[PDB]
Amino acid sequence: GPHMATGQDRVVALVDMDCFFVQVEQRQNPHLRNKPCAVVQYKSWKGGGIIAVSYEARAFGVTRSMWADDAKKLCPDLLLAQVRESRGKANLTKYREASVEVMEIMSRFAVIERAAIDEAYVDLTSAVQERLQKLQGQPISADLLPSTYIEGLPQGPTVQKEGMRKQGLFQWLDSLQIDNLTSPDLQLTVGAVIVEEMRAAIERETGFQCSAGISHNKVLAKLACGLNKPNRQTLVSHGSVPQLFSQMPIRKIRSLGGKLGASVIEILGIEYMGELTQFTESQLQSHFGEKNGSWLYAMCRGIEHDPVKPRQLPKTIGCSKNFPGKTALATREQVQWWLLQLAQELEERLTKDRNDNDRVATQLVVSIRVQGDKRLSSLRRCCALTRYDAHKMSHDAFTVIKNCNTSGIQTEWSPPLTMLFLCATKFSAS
């Protein structure tokens, strides 16, 4: 009752660039705009692996992870842009730099947590308070929310998508109590106004469109963001949670898409997030551990406390390459040459990072996979990263991994290596 927390203390948004690598390539090459197109890495093996797909091409069934040759079977007019290749490997610099463009714009509005190359959480609580004080009891016009969906509306006593969107927004705004500045629904609504402004600024200043979710925590904001894509934003209120979760597969909630969510489904014999409400906190802790159990107990009620962390920059800078099938590295010279390629890309990115961001990495992590091992990484070792020098870093990585070679032959490497991975970590201010 009067003491039960409701998780309505913050306004949190999640902003997600639509088909991001595709938009970067479409901005650069106008011939690709408004066409079925995809971004592909490499080209020799089956036309290359697709890593991003425009919504026009998704309509044909083209997906990420698909080989371009197969996608062309679904979509014969599919246009393709290739990721740059440098030093023998795919090089993602263009997309990292485009990401910085967008994150710097978002940071003008509020504190952001970089969640991936194309998405960030936004803590809007303070910005909403200030905007509410500026408004001075003035109602919020639908014109301030031209791309916003209110999840769960319209309801109760038009057959077009935009007409439905507007009907629901009208019902929401008609019900709103705009004179209580502490009202969580009003706070979410002002948050959505700010996110419309943020998304307009991103599009004006970069050309890139994005979607967004606005709710009271990160998990609900992330879920909301996916409800109406592309180029739209969705407000998920606390009150919408019971209906939304009542048919929501557990795997759709962030962190439950893998083994833990599978165990929740199997052990409890349920399918939907809302079904979790029927268990006590102790029951859930008994099955899934103290932390996970408490988290699930709160989350199925719409409540999550994970903070938006103030972190706009990645914590690690890494470079990796797979060597599948017959290309697995089987000689020492091969291993050393590719460690050098990876180390040279790493040195370039690290020097740029030091100049831009006033920090230096202090640890070098070396990871390899051996042929036959099902795990993505077979071995991980660390060593000191004391100089931004590619020859030193590659020599050090070889030193820490050279004892993995079973081969009694000096020149040969066995078992063959199917993956090399160098990662700079443990940054310190510089």
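Note that residue numbering begins at 1 and tracks the sequence as displayed.
Student: How many missing residues of the deposited sequence lie between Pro157 and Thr158 in the entry, grouped as none, 1 to 3, 4 to 9, or 10 or more?
Tutor: Count of unmodelled residues in between: 4 to 9.
Student: Averaging only over Cα atoms, indicate whether 320-328 or 126-134 has the higher B-factor in the PDB entry.
Tutor: In the deposited entry, the stretch with the higher C-alpha B-factor mean is 320-328.
Student: Comparing 241-249 with 140-148, which has the greater mean CA B-factor as deposited?
Tutor: In the deposited entry, the stretch with the higher C-alpha B-factor mean is 140-148.
Student: Could you tell me which one of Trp45, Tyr388, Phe60, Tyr55 shows the highest CA temperature factor in the PDB record?
Tutor: Among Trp45, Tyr388, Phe60, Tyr55, the highest C-alpha B-factor in the entry belongs to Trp45.
Student: In the PDB entry, which of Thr351, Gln187, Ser215, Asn357 has its C-alpha at the highest B-factor?
Tutor: Across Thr351, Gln187, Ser215, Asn357, the entry lists the biggest C-alpha B-factor for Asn357.
Student: Against its chain's modelled residues, does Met393's Cα B factor rank lowest, middle or highest third?
Tutor: Its C-alpha B-factor belongs to the highest third of this chain's values.
Student: Which third of the chain holds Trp338 when residues are ordered by C-alpha B factor: lowest, middle or highest?
Tutor: Highest third of the chain for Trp338's C-alpha B-factor.
Student: Of the three thirds of its chain by CA temperature factor, lowest, middle or highest, which one includes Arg27?
Tutor: As the PDB entry reports it, the C-alpha B-factor of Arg27 lands in the lowest third of its chain.
Student: Determine, from the deposited record, the chain-internal third of the Cα B-factor for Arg381: lowest, middle or highest.
Tutor: It falls in the top third of the chain.
Student: If you rank every modelled residue in this chain by C-alpha B factor, which third holds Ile409: lowest, middle or highest?
Tutor: Ranked within chain, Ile409 CA B lands in the highest tercile.
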